[PDB]
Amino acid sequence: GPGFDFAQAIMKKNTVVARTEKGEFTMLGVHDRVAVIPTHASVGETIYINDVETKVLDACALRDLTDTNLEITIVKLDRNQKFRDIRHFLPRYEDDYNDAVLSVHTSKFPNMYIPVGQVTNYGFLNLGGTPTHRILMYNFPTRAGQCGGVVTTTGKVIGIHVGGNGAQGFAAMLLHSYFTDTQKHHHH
């Protein structure tokens, strides 16, 4: 069966509702005060988190070595609570998955769980006119309002929802190495 309990434990401890100029997004918190949001949410220097205006201390829009959009933005937030560290639930590598759940946490839908079925490593996607890499595809008619939703199987947090064409949904991958403690680059 689909891993509803796992999905629910992630939603309960590791999501917040985030709101930018582009609207509301489910927001997965990963560790400390670091979270993710689709790049097309256009995060600026402040964001609403559960309706509380919040400084965005850092925002990194991920791109691969071909200089292509990965559609993940990692944000660091000025808030008091630390997120439970869920980095050990992130996959090490690209992969296909079975029987995944897509979980949403917005004002309209404070917790909703959608079994999306099989998830395939899809690769290239033209996302609203933006070439994008490292996409996961599921055959489910996902909708507006579901962006940022968390895609899990039991024991793994695998992506966040970023797109769909009416029949399929698409998630940007999460990989363990996006979040490993590291060294010193000038990045802005």
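When you see a residue number, it is the position in the sequence shown, counting from 1.
Mean C-alpha B factor from the entry: is it higher for 155-163 or for 127-135? Averaged over C-alpha atoms, the B-factors run higher in 127-135.
Name the higher of the two by mean Cα B-factor in the PDB entry, 27-35 versus 45-53. 45-53 has the higher mean C-alpha B-factor.
With respect to the C-alpha temperature factors reported in the PDB entry, which of 89, 93, 109, 113 ranks highest? Going by the entry's C-alpha B-factors, 109 comes out highest.
Based on the deposited C-alpha B factors for this chain, I'd like to know if residue 76 is in the lowest, middle or highest third. It falls in the bottom third of the chain.
Residue 180 - which third its CA temperature factor falls in, relative to the rest of the chain: Top third by C-alpha B-factor.
Ranking the modelled residues of this chain by C-alpha B-factor as given in the entry, is residue 69 in the lowest, middle or highest third? Answer is lowest: the recorded C-alpha B-factor places it there.
Third assignment of residue 59 from its chain's C-alpha B-factors: Middle third.
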